[PDB]
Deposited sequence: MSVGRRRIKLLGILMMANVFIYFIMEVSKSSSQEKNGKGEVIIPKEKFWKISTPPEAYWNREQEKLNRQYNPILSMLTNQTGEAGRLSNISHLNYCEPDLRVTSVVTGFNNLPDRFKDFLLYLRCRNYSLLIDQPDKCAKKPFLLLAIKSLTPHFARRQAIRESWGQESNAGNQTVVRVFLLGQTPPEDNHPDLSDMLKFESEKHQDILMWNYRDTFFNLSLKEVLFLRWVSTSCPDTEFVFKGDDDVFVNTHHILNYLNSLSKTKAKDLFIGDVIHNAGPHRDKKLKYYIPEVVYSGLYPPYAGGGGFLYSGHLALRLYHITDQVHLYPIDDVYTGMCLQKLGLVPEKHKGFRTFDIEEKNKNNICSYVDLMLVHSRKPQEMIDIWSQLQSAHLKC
């Protein structure tokens, strides 16, 4: 009934013999206009999504292929948009500092002028030259194309960083305690460090049908419920699981919600994402965030301004005293 479910099951047939072009088809799949009931009255983001669902062979316009010239213990992969210079620089100065080696990339798509974005291209290459932590692909960086950002990143991992022990993918408006990250990565059996995937996992969740919510998905697009999935701003996982994640992506259609898509891929691998206390997608204790020790035990809080990130990191450096 729902278009995505019907297309995914068609994909399931060709990958699963016991049930007996979606990857590089980059002209509009016009059949959607006649097969999706109500196509021309959907929001534009749904139209472009359905029209170009079967295109994912996009290329890197800016790469740092040497970012992993030393087997990293932690790859920091931060989603960002072109104009977010303040968010990126505060991460660079605070928790996203490179260092058990820690390495940092920012994952960007394109904000092109035909879509009326301001031309910030020359300041980005200037930023890319100085800091050399910018990965940009040649696809339109939009809300419903974030599954592309995830698949293209996992491809980059498998091509240019397959060694990294662990990976963190997150937003550029979240504070993460990377010191307490490296400490969690070591209360870690060499067994659990194999299939690691933790975040704020949401279960039994379903698509929102309110036309005016941001995570709205109409019934002509998706039916049923969502798999378990770690949402809310960032998750942590092992590199071994990242390589397996990339190779399964070909067997799952892109979904407009990037975190739901990552859960759909994990479930296809036979995995359940592990919830964790320290993933505070909904901020910290009753507006009492001005004590630094509440940040010493968590892994990330959402959300923080650039100024806030630097100040928290600055105070965290002395928190081994005051606590």
Deposited-sequence segments unaccounted for in the coordinates | 1-55, 76-90, 170-173
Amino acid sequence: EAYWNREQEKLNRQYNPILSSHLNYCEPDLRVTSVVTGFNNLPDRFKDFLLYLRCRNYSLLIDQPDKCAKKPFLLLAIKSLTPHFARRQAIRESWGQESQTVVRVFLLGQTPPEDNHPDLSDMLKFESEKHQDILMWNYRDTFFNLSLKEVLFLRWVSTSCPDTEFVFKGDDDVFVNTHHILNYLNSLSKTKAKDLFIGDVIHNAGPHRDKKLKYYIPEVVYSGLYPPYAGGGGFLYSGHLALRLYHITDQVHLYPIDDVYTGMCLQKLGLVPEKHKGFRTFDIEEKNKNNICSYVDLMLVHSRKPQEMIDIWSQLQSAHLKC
From here on, numbers count along this sequence of modelled residues.
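For the two forms, the rigid core is made up of the largest set of C-alpha atoms that agree within 1.5 Å on superposition.
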Core-fitted, the stretch whose Cα atoms sit farther from this form in 8 other deposited structures of this protein, 251-259 versus 276-284, is 276-284
C-alpha RMS from this form in 8 other deposited structures of this protein, rigid core superposed: larger for 229-237 or 141-149?
-> 229-237
Among the other entries of this protein that model both neighbours of residue 21, is it absent from at least a third?
-> no
Stretch exceeding the other in mean C-alpha B-factor - 49-57, 63-71 = 63-71
Using only the Cα atoms and their B-factors as the entry lists them, report which of 284-292 and 267-275 averages higher.
-> 284-292
Residue set 145, 191, 111, 97, per-entry CA B-factor max assigned to 191
Taking the values straight from the PDB record, which of 209, 149, 104, 244 has the highest C-alpha temperature factor?
-> 209
Taking the values exactly as deposited, rank residue 43 by C-alpha B-factor within its chain and report the matching third: lowest, middle or highest.
-> middle
Chain-relative CA temperature factor third for residue 12 = middle
What third of the chain, by the recorded C-alpha B-factor, contains residue 117?
-> lowest
Can you work out whether the C-alpha temperature factor of residue 185 puts it in the lowest, middle or highest third of the chain?
-> highest
Based on the entry's values, in what third of the chain does the Cα temperature factor of residue 205 lie: lowest, middle or highest?
-> highest
